[PDB]
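Novice: Supplied in structure tokens, the structure appears directly below.
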Amino acid sequence: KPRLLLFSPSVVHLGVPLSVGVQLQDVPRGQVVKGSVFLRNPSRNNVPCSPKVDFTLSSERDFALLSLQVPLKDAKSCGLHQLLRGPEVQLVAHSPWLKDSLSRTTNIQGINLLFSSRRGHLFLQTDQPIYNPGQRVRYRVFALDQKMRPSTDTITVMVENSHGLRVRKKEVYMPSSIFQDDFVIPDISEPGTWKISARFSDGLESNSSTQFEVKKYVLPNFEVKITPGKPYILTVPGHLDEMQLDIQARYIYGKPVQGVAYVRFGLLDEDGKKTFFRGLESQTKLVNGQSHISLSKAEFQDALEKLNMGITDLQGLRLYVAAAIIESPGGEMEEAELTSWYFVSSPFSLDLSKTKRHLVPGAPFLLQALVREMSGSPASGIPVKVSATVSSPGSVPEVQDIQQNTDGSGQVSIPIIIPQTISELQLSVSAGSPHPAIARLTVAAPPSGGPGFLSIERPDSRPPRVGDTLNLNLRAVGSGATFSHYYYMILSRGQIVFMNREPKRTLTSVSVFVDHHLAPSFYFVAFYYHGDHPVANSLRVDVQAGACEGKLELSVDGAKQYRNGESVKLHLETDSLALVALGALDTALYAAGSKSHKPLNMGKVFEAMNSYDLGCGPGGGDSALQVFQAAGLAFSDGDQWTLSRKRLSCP
Amino acid sequence: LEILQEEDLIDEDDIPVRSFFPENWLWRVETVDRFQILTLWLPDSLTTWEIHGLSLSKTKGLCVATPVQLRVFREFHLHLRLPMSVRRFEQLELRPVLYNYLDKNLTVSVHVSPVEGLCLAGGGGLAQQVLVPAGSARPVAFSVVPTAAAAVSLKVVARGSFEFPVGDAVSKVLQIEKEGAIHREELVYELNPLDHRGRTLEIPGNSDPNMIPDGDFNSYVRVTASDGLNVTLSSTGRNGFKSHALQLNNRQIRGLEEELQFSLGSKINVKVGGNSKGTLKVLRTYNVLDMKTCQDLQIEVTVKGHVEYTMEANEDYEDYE
Amino acid sequence: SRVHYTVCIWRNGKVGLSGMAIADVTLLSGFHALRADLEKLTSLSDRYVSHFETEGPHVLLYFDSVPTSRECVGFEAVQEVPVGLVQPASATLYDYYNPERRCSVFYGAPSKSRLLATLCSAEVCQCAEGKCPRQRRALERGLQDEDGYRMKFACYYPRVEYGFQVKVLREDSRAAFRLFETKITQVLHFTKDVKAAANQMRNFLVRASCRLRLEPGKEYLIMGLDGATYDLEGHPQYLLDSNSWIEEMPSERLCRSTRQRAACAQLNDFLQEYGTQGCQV
Amino acid sequence: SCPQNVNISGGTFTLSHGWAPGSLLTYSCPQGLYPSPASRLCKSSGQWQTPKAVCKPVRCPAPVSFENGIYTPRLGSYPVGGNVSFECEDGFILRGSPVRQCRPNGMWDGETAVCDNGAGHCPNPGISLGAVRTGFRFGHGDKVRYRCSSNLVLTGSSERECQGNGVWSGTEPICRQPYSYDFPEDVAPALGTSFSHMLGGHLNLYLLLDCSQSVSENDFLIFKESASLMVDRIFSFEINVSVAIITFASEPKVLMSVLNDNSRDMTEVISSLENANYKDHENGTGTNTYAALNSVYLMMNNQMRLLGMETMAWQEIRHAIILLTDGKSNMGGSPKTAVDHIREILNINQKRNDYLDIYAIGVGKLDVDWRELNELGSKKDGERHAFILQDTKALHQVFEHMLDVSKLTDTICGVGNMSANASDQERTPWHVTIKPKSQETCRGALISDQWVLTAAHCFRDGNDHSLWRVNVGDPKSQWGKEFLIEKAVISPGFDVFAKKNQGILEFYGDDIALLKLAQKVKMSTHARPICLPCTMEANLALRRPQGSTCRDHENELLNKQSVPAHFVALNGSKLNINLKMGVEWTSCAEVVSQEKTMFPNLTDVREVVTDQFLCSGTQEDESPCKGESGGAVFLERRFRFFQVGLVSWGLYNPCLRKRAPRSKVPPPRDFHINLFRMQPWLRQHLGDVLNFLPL
Ligand SMILES: *[C@@H]1O[C@H](CO)[C@@H](O)[C@H](O)[C@H]1NC(C)=O
Ligand SMILES: *[C@@H]1O[C@H](CO)[C@@H](O)[C@H](O)[C@H]1NC(C)=O
Ligand SMILES: *[C@@H]1O[C@H](CO)[C@@H](O)[C@H](O)[C@H]1NC(C)=O
Ligand SMILES: [Mg+2]
């Protein structure tokens with residue numbers, strides 16, 4: 001009856017603290033426990049790779065989070081550098097309590113974990129996206145730990161050329177967490193995409209890299225952009241929408257260019273082989289720096305008949321538009337390519353990744369969909385029609401039809417009601433009219449006769465803000481109220497951050513304060529115990545509207561209309577002493593580059609937070625072990641334990 | 001018949017030249033105590049500068065600022081774009097383009113400052129006369145045959161009339177590569193240190209009949225770590241005896257094919273070690289006389305008629321000396 | 001006034017091409033194409049050009065069919081301002097589908113040359129562009145020497161760094177220059193070419209566009225600026241341009257003539273004094 | 001007659017023969033302005049021929065390119081009195097004057113601004129204002145080519161190559177204007193220093209004067225005067241020197257010979273010079289400079305025949321040539337060919353380059369060109385040899401203060417012998433041996449005739465200097481000559497047990513001591529002081545302008561991230577080290593955290609190794625022993641020796657004639673007290689001995 005719970009992330013990162021949760025159950029009121037928790041070697045030998053940390057609990061305080069440390073020296077000495085085959089480590093809690101109470105053969109209860117040396121966040125940016133051969137290249141790297149605080153750990157940078165061979169390597173200390181460095185590209189270097197990689201010295205797997213393109217070129221004076229009238233082409237047999245482009249070309253310093261445009265059409269497939277239309281090339285004189293051309297009905301039909309191609313087979317191919325504008329009388333040449341035009345059967349796309357699977361019978365099913373305009377921004381106000389067919393629970397299946405418009409940014413939350421003893425549930429989500437986008441998914445049901453269930457209900461479907469308190473409701477389903485409390489934990493960046501216990505009540509609520517560091521995606525995991533059988537459910541909550549913990553503001557005094565050679569009073573505003581890193585980039589570099597590299601922005605940093613998340617889908621599972629595995633934790637209660645994850649990817 | 005204005009133009013001394021054309025600037029790292037102002041001097045290039053910005057603080061983590069677009073515009077400039085490749089003794093045509101964005105007719109004299117090492121038209125002292133209509137552009141062609149064999153600073157100048165005092169001057173350094181085109185001579189040698197016969201290997205020296213004097217002889221070694229070579233290249237050279245040792249494996253395997261610049265005149269030797277099937281590729285680059293008008297396209301323009309020169313471009317006797 | 005252009009196009013590979021072609025000719029400095037002629041060209045059924053655009057010194061033609069044979073079309077332009085300097089223009093032809101498969105031609109003026117005249121020999125060239133040699137004639141015209149015009153040209157401006165009296169052996173034409181191979185009668189002055197001596201060969205070259213004539217079998221006094229061509233044989237080879245004094249040496253009969261005895265004798269007095277003594281400065 | 005409308009705006013004009021045909025008109029404008037046109041021709045009574053006249057303002061070359069840095073303000077061509085600031089990006093240390101105010105002569109002031117990161121084998125030669133450079137690689141054996149811009153003429157070396165000794169071949173190019181000239185005050189130090197090196201054996205001096213029609217009788221008289229004062233000065237230094245006087249024309253005439261023994265007496269040479277007259281030069285009034293140079297060539301090949309091919313008496317014969325010409329060589333061919341013959345015949349190379357210096361002093365204002373003076377004069381790093389002065393008055397002015405060497409100050413230093421056959425002491429005359437009461441041996445370096453600089457740790461028994469002994473080099477015996485000590489001054493900040501409370505057993509901070517000897521040392525080929533940097537002595541030894549600073553000497557001597565240096569071993573041999581500066585210094589000094597005996601409790605590397613220490617010992621570098629501590633750590637620049645540090649301590653002792661390294665923990669590493677961080681203490685205890693530069 002009495003039990004001891006072990007919670008830890010499924011993956012342990014070296015050189016950074018590991019959080020371990022410990023919990024008791026069915027413990028006498030006056031009874032207390034004592035022991036220590038540490039890692040060991042994976043059966044190769046029994047040296048503790050971590051210093052022991054004590055944990056003392058009783059009935060009134062039956063939970064505690066332990067900030068266990070895993071220093072690199074102990075890991076190296078005990079032997080994590082000497083295993084065979086795959087990386088694996090053992091985490092175990094030692095206490096005389098198991099032998100005293102459960103009369104277990106051993107006082108050892110542990111879990112299997114996979115150890116990985118990746119740690120810290122490494123960002124680096126180069127001088128320019130694109131360089132000429134024989135030109136000096138400048139770059140710098142920034143060294144931050146888990147909390148993006150500046151770090152003094154030593155790193156080793158490296159440079160790989162276009163073919164991929166190393167050209168350079170520098171092992172450098174960090175007094176200031178920023179390391180500036182320059183090197184000269186060889187003159188005889190052919191065009192290619194170079195790569196600069198930076199790793200922590202003791203972290204073998206913590207390699208973060210960026211790429212810059214090298215190509216022979218000269219600085220262009222103006223850029224050409226081809227903007228289609230609509231980024232989609234409807235190919236339904238009933239009708240085909242008109243195809244019209246707005247070819248624009250402007251001098252980079254603002255004024256429009258006077259010249260002519262030479263436009264060549266064609267069909268380009270997924271692989272990349274483009275078949276041009278022989279004829280139908282359009283040449284026009286630019287007026288006001290813009291040229292508005294279009295593809296007619298009969299002309300396009302004749303082009304496909306010339307290629308012996310039918311409208312019905314136009315699925316997945318792309319209408320390739322290439323423009324080569326000659327400035328006149330300048331004589332300069334500039335080329336702009338269009339490859340985003342997609343032949344589609346519907347002007348909308350449905351993203352059903354967020355709809356949670358394996359939902360509990362007897363509680364509302366939360367169907368979440370993302371109605372995104374095909375190759376565009378999220379759509380708003382677009383109705384969604386969804387049919388739910390509850391399969392035979394013993395009676396005939398029933399059809400449930402719910403309609404709801406998208407509240408904004410493509411977010412729709414449709415709470416269909418699921419009856420008890422449901423065998424399995426079939427869904428058909430259709431959005432858009434006419435020519436809807438069809439998405440069909442099927443979800444099974446948990447095996448019947450289970451010990452119980454736990455339902456997490458989120459009254460506010462809108463994503464929480466930073467610093468915005470989020471409240472959830474928990475309700476046990478399908479079992480008696482033998483238990484007195486249930487336990488919940490919050491996971492962010494693959495580490496257990498919060499642990500707490502709430503007493504069982506009616507229509508209960510648990511409030512989680514959304515801190516900044518929990519962004520942009522944290523897992524909420526909750527479980528209670530029906531006798532000796534744990535049941536759990538884990539809801540994934542995503543935080544949007546990310547912004548810096550501090551702030552950095554760049555501003556230029558007055559209007560942005562200057563003349564060459566005069567002074568600029570650039571303004572720098574922040575909230576603390578910061579090693580602000582600056583950079584001035586000519587815009588023509590973006591145009592000259594074959595592929596436009598987006599600059600570093602908070603999207604990439606917030607993704608760097610997500611790179612350490614071990615989540616597997618939107619959460620949920622039939623069993624407690626499955627829920628914990630999907631969340632990314634290892635659970636051992638002494639009788640049933642989850643196996644170590646096969647791979648980090650979790651396909 | 002056409003009216004020409006002479007020496008009633010700008011004195012060419014007050015016109016401010018533009019020479020600083022950096023693709024990037026403001027690369028510094030600053031320590032800001034919640035407030036700092038920067039007095040940055042704008043480069044002469046006429047584009048828009050997208051000022052990036054990143055923050056790293058010991059208490060507030062990391063923040064990346066929104067890039068600031070900054071525009072520089074002159075409203076009348078002599079935009080010139082040097083050719084991507086210019087070869088010595090090879091004829092190129094510089095194309096300075098004059099953009100007139102004012103609301104008035106402008107007549108401007110365009111000339112290239114005569115400089116040693118450049119063979120211009122008529123010695124370079126003659127000024128080409130062109131007129132730019134308002135709100136339009138006009139190109140002017142300058143033909144040059146560079147014989148300097150080295151970087152040279154040219155200064156193209158546009159001088160407006162004294163009635164309308166406008167003008168621009170551009171001085172970009174024009175690098176001239178040495179005569180002929182480049183040639184790549186790659187030598188591939190499989191590397192098996194297990195076989196004792198392959199423990200030492202001698203690369204023949206380069207004796208190329210068509211190699212051009214001052215060939216910019218650069219040798220780069222490309223050795224592949226695919227399987228732990230300790231390949232060391234020792235070489236007697238005219239500059240000196242320099243030997244660079246390459247340990248490709250580094251007791252590690254993540255894409256460690258290596259490439260190093262390795263400077264020699266003629267001779268090179270190899271000492272091998274380790275256990276692998278690596279590949280060594282010493283790359284030699286030098287100038288050479290070779291040719292290729294297109295073989296696919298061709299074009300020919302013939303002109304017939306009478307053109308009037310400005311009495312300073314007639315190459316004939318003065319008839320009275 | 002009005003000048004007739006002729007732009008001609010064709011293809012030879014027949015395989016590497018992708019079809020249509022784009023014509024980009026740039027007129028002379030002071031010319032703009034006539035739109036009436038271009039529109040008359042484009043209005044014909046067999047126009048050979050489906051589209052055009054002309055503003056100032058830039059002319060655009062779209063050739064939709066480039067054949068193997070020489071098929072082409074010309075148009076007329078007009079002059080706004082006189083051409084400020086003698087120089088060839090450029091005409092480029094782009095490929096419609098693969099513009100990087102481009103290749104230009106340089107076309108000259110109606111009478112001038114295609115490329116900038118430069119004197120290349122061995123591994124060096126000297127900029128041959130400049131002014132015509134004068135072929136000074138004072139003794140044959142009968143004008144007496146004033147203020148020592150030859151000495152003044154030698155010593156003040158342009159200061160002369162090479163001076164020989166040469167007997168022209170032959171006249172030939174090589175590339176854009178007419179070579180006058182000659183033999184040195186005497187060496188009055190020299191800065192470079194320390195191995196200068198009598199009965200020695202030297203090549204004197206002038207641009208063929210000029211009308212300067214050096215009759216073979218006759219002696220001339222040659223002075224001027226030094227050149228760095230080296231003649232590919234070892235002897236420095238000089239070029240005749242401005243800042244170079246060319247004079248015909250007196251003959252057995254022209255110096256005998258009455259208005260010429262003083263002039264020829266003064267010229268030989270200069271010859272001896274300058275060869276023997278020097279600039280005297 | 002010629003028309004009289006030849007007035008210039010803001011200036012005057014002069015005529016040679018009135019308005020008659022053939023008269024030459026000279027245009028003159030005040031300083032800071034240039035005549036345009038310079039001169040006119042009256043023709044054959046025709047219009048006033050020109051090669052409106054206005055004194056256009058002086059305008060001064062602007063930086064065509066400034067690599068790895070920025071310059072403000074940016075202008076097409078800076079006017080007179082203007083200023084420009086050169087501050088460059090991070091990781092790059094500036095050299096030369098950051099602020100350059102361009103003088104009315106068409107030149108900037110101070111050394112050209114350039115910042116180098118030191119990774120290159122040779123220092124960054126930089127882009128002189130108004131010039132360009134080709135080739136951005138500073139590896140050993142690479143080359144750079146310079147080209148002027150606009151209408152400037154290049155004076156200097158059009159091509160420089162990075163030699164093995166870390167000095168680019170040739171001088172630093174300086175693009176100049178046809179109308180620019182030199183001030184006497186600017187060029188007097190350059191001439192003085194260059195002749196000081198020519199004096200640094202027997203020296204042969206040739207003086208060439210101009211006597212053509214273009215140079216006037218008074219101008220030639222001033223040429224004679226300047227030559228006479230120059231000869232008077234060169235004989236006042238009591239140096240083995242012979243002077244010859246040649247006055248050339250269309251045909252050269254030799255007035256004095258070095259073959260004749262008469263040239264070594266002052267009265268005879270001045271009498272021979274005074275007997276010169278313009279009259280004996282009217283028989284041909286040309287300027288055949290090649291003829292005069294050929295006369296010098298014949299002079300020296302007669303010396304070659306009479307002395308011998310291989311004899312030592314000629315090998316130590318150095319040659320310096322002076323030309324007081326107006327730079328209008330118009331007969332006899334190019335003067336450069338005879339200089340080529342001279343260079344071929346003296347066997348001049350990268351080593352024997354010191355034996356041949358050519359000075360081309362141009363004089364005049366209207367027929368002076370730069371190319372002839374630049375080509376004719378020699379081209380050496382850090383020196384200028386081609387000059388022009390607007391007037392002969394300026395020539396006399398610059399000459400009369402050309403050797404302004406301070407009287408009786410003496411205190412020469414840094415002179416050694418670089419022959420392998422020379423003795424160890426003669427090669428390193430500053431090296432001394434120090435014997436304290438502990439019977440252990442240390443080394444030191446002579447810094448004057450009375451004071452010795454060494455390490456403080458060598459005196460562990462205390463401060464009783466009366467029982468200490470020193471041994472300097474002595475010609476009469478290899479044992480040296482023993483001196484007692486008048487007083488000893490140990491650095492007050494020195495305490496080997498200052499940091500024992502932090503677990504550091506021995507701390508070598510302020511490990512510096514100055515010892516005064518009882519009797520003055522007799523200067524000889526075995527006993528000479530080493531030049532302590534950052535003084536007038538080392539400044540004169542380094543070929544640098546008067547207004548140099550101490551930071552400048554740091555930037556010049558310690559000019560690379562890896563600077564080769566030397567120290568003297570126990571047996572007297574010279575060993576090789578490389579000083580690591582900048583970024584490489586930190587990685588060089590980080591190996592102290594792995595010491596096992598000196599520092600058992602060491603958490604901060606900076607605590608035992610501070611900025612007061614140079615760092616060396618990587619690669620195949622030699623490691624000094626305990627007995628060698630206190631000896632000078634010196635580098636050789638421009639055939640002189642300079643002490644940038646001295647041995648303090650090391651992490652491996654090879655002497656624990658015999659030496660042995662190893663290849664385990666810890667790797668050998670050495671630290672020397674960098675003399676530049678101790679400047680206040682040497683200034684306190686040495687200000688009345690050497691003349692220290694401004695910091
Ligand atoms: C680190 O290196 C591995 C092995 O090359 C690579 O697959 C992985 O993408 C890298 N990690 C990054 C770039 O974050
Ligand atoms: C400029 O020139 C155009 C073209 O000849 C003419 O129509 C116009 O009146 C002129 N003036 C202005 C102020 O635009
Ligand atoms: C390569 O050289 C290193 C130098 O430390 C040596 O230890 C190693 O054994 C060599 N490599 C092999 C594969 O023997
Ligand atoms: Mg003279």
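Chain labels A, B, ... are given in the sequence in which chains occur in the structure tokens; within each chain residues are numbered consecutively from 1, and ligands are likewise numbered from 1 in the order shown.
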Once you count only C-alpha atoms and all ligand atoms, which residues end up within 8 Å of ligand 3, and could you hand them over as a VMD selection string?
Specialist: chain B and resid 228 to 230 247 273 to 275
Novice: Only N, CA and C atoms, please: the residues just picked out, written as a tab-separated table (two decimals), in the first residue's frame.
Specialist:
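Okay, this is what ended up in again.tsv:
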chain	number	residue	atom	x	y	z
B	228	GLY	N	43.22	8.31	-38.78
B	228	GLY	CA	43.77	9.35	-37.93
B	228	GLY	C	45.08	9.90	-38.43
B	229	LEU	N	45.05	10.51	-39.61
B	229	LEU	CA	46.27	10.96	-40.26
B	229	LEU	C	46.95	12.07	-39.46
B	230	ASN	N	48.27	11.99	-39.39
B	230	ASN	CA	49.13	13.07	-38.92
B	230	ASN	C	49.96	13.62	-40.08
B	247	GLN	N	46.64	17.38	-38.21
B	247	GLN	CA	46.06	16.25	-37.49
B	247	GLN	C	44.56	16.31	-37.76
B	273	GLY	N	50.83	9.31	-41.33
B	273	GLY	CA	50.67	8.56	-40.10
B	273	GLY	C	49.23	8.15	-39.92
B	274	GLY	N	48.97	7.45	-38.82
B	274	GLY	CA	47.61	7.08	-38.47
B	274	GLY	C	47.13	5.82	-39.16
B	275	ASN	N	45.81	5.73	-39.29
B	275	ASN	CA	45.16	4.55	-39.88
B	275	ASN	C	43.83	4.99	-40.47
Novice: Only residues of chain B matter here; which ones have an atom within 9 Å of chain D, counting only C-alpha atoms? Give them as a count of residues only.
Specialist: 29
Novice: Check every protein, DNA and RNA residue against ligand 1, keep those with an atom at most 9 Å away (counting only C-alpha atoms and all ligand atoms), and present them as a PyMOL selection string.
Specialist: (chain A and resi 197+199+204-210+611) or (chain B and resi 254-255)
Novice: If you run DSSP on the backbone here, which positions in region 58-264 of chain B get strand (DSSP E or B)? Please write them as a ChimeraX atom specification.
Specialist: /B:61-64,68-72,76-80,87,92-94,96-100,106-112,118-119,128-132,136-139,142-146,152-153,156-161,167-170,173-174,177,181-191,200-203,211,218-223,232-235,242-245,258-261
Novice: For the residues in the current selection, export C-alpha atoms as a short mmCIF file (atom, residue, chain, number, x, y, z; two decimals), in the first residue's frame.
Specialist:
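Done, and the output landed in selection-v5.cif:
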data_model
loop_
_atom_site.label_atom_id
_atom_site.label_comp_id
_atom_site.auth_asym_id
_atom_site.auth_seq_id
_atom_site.Cartn_x
_atom_site.Cartn_y
_atom_site.Cartn_z
CA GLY B 61 19.18 37.94 -19.97
CA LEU B 62 18.99 38.59 -23.71
CA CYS B 63 16.93 40.90 -25.92
CA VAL B 64 17.11 41.48 -29.68
CA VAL B 68 15.96 50.48 -37.63
CA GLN B 69 15.77 51.47 -41.28
CA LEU B 70 17.89 54.54 -42.05
CA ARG B 71 17.77 56.27 -45.43
CA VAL B 72 20.41 58.40 -47.17
CA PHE B 76 21.55 64.17 -57.65
CA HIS B 77 24.53 61.83 -57.73
CA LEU B 78 27.00 60.13 -60.06
CA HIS B 79 26.31 56.49 -59.27
CA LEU B 80 29.10 54.33 -60.69
CA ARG B 87 41.80 42.21 -66.20
CA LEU B 92 36.51 47.66 -70.08
CA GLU B 93 33.90 50.41 -70.28
CA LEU B 94 33.17 52.22 -67.02
CA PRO B 96 28.96 56.24 -64.56
CA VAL B 97 25.21 56.91 -64.43
CA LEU B 98 23.88 60.35 -63.51
CA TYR B 99 20.48 60.37 -61.80
CA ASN B 100 18.78 63.77 -61.93
CA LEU B 106 20.74 70.15 -65.85
CA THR B 107 23.78 70.16 -68.12
CA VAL B 108 26.86 68.52 -66.64
CA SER B 109 30.41 67.78 -67.78
CA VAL B 110 31.64 64.28 -66.86
CA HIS B 111 35.34 63.44 -66.86
CA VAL B 112 37.70 60.86 -65.39
CA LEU B 118 45.03 53.73 -66.99
CA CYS B 119 44.84 54.28 -70.75
CA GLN B 128 32.48 64.42 -71.93
CA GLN B 129 29.47 66.72 -72.27
CA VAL B 130 26.02 65.35 -71.39
CA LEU B 131 22.66 66.76 -70.31
CA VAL B 132 20.31 65.10 -67.82
CA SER B 136 15.35 61.16 -65.46
CA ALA B 137 18.80 59.61 -65.80
CA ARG B 138 21.53 59.62 -68.43
CA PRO B 139 24.52 57.28 -68.74
CA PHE B 142 34.22 55.89 -70.48
CA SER B 143 36.53 53.40 -72.20
CA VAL B 144 39.66 52.40 -70.28
CA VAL B 145 42.49 49.94 -70.88
CA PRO B 146 44.22 49.41 -67.52
CA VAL B 152 44.51 52.26 -58.75
CA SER B 153 42.35 55.14 -57.52
CA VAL B 156 35.06 60.37 -61.88
CA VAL B 157 33.61 63.87 -61.62
CA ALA B 158 30.41 65.55 -62.80
CA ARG B 159 30.46 69.36 -63.01
CA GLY B 160 27.27 71.33 -63.52
CA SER B 161 27.01 74.80 -65.00
CA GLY B 167 27.78 68.11 -59.18
CA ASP B 168 29.06 64.82 -57.77
CA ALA B 169 32.41 63.05 -57.59
CA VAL B 170 33.13 59.39 -56.89
CA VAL B 173 39.79 52.17 -55.72
CA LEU B 174 39.77 49.92 -58.79
CA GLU B 177 44.00 41.52 -61.43
CA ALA B 181 42.94 34.16 -66.42
CA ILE B 182 43.29 31.82 -63.46
CA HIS B 183 44.01 28.09 -63.70
CA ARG B 184 43.39 25.39 -61.10
CA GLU B 185 45.76 22.40 -60.91
CA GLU B 186 44.41 19.82 -58.47
CA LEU B 187 46.51 16.76 -57.60
CA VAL B 188 44.74 13.85 -55.89
CA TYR B 189 46.67 11.27 -53.84
CA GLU B 190 44.93 8.53 -51.87
CA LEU B 191 46.43 8.18 -48.40
CA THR B 200 56.20 8.90 -47.37
CA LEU B 201 55.16 10.50 -50.65
CA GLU B 202 56.76 13.18 -52.83
CA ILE B 203 54.63 15.64 -54.82
CA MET B 211 52.39 30.07 -66.03
CA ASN B 218 48.72 29.95 -53.79
CA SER B 219 48.66 26.33 -52.61
CA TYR B 220 45.81 25.03 -50.45
CA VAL B 221 45.79 21.47 -49.11
CA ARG B 222 42.50 19.54 -48.92
CA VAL B 223 42.86 16.41 -46.79
CA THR B 232 52.87 16.72 -42.19
CA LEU B 233 54.00 18.73 -45.21
CA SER B 234 57.67 19.74 -45.12
CA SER B 235 58.95 21.80 -48.03
CA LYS B 242 58.11 26.05 -43.68
CA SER B 243 56.34 22.89 -42.52
CA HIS B 244 52.72 22.69 -41.38
CA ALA B 245 51.48 19.57 -39.57
CA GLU B 258 40.65 19.88 -43.28
CA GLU B 259 41.95 22.66 -45.49
CA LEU B 260 44.88 24.97 -44.71
CA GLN B 261 46.70 27.67 -46.64
#
Novice: Residues of chain A within 12 Å of chain C, counting only C-alpha atoms, what are they? List them as a PyMOL selection string.
Specialist: chain A and resi 217+258-266+274-286+321-335
Novice: Deliver the residues from the most recent selection as a file, using C-alpha atoms, as a compact mmCIF listing (two decimals), in the first residue's frame.
Specialist:
# COMPACT_ATOMS: atom_id res chain seq x y z
CA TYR A 217 28.74 39.33 -57.37
CA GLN A 258 12.39 53.62 -64.96
CA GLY A 259 13.02 50.69 -67.28
CA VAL A 260 11.48 47.57 -68.81
CA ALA A 261 10.51 44.17 -67.41
CA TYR A 262 11.09 40.81 -69.10
CA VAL A 263 8.83 38.11 -67.65
CA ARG A 264 9.09 34.38 -68.37
CA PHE A 265 6.45 31.91 -67.15
CA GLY A 266 6.62 28.18 -66.56
CA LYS A 274 10.96 23.88 -64.34
CA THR A 275 9.31 23.65 -67.77
CA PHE A 276 8.81 27.10 -69.29
CA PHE A 277 5.94 28.09 -71.55
CA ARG A 278 7.29 28.53 -75.08
CA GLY A 279 5.68 31.84 -75.91
CA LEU A 280 3.49 33.98 -73.66
CA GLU A 281 6.57 35.86 -72.44
CA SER A 282 5.54 39.37 -71.39
CA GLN A 283 7.69 42.48 -71.88
CA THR A 284 6.39 45.84 -70.69
CA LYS A 285 7.71 49.30 -69.92
CA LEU A 286 7.70 50.09 -66.21
CA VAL A 321 7.54 33.45 -62.70
CA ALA A 322 10.97 34.89 -63.48
CA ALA A 323 11.65 38.57 -64.12
CA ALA A 324 14.82 40.23 -65.42
CA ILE A 325 14.31 44.00 -65.38
CA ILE A 326 16.71 46.18 -67.35
CA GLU A 327 17.13 49.66 -65.95
CA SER A 328 16.96 52.19 -68.75
CA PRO A 329 18.95 54.15 -69.73
CA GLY A 330 21.17 52.76 -66.96
CA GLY A 331 21.62 49.38 -68.62
CA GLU A 332 21.88 47.59 -65.27
CA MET A 333 20.43 44.09 -64.94
CA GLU A 334 18.52 42.69 -61.97
CA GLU A 335 16.64 39.40 -61.59
Novice: Could you please tell me, as JSON, numbers by chain, which residues of chain D have an atom within 10 Å of chain C when using only C-alpha atoms?
Specialist: {"D": [21, 22, 24, 41, 43, 44, 45, 50, 51, 211, 212, 213, 214, 215, 249, 250, 251, 282, 283, 284, 285, 286, 287, 288, 290, 328, 329, 330, 331, 332, 333, 334, 335, 336, 337, 367]}
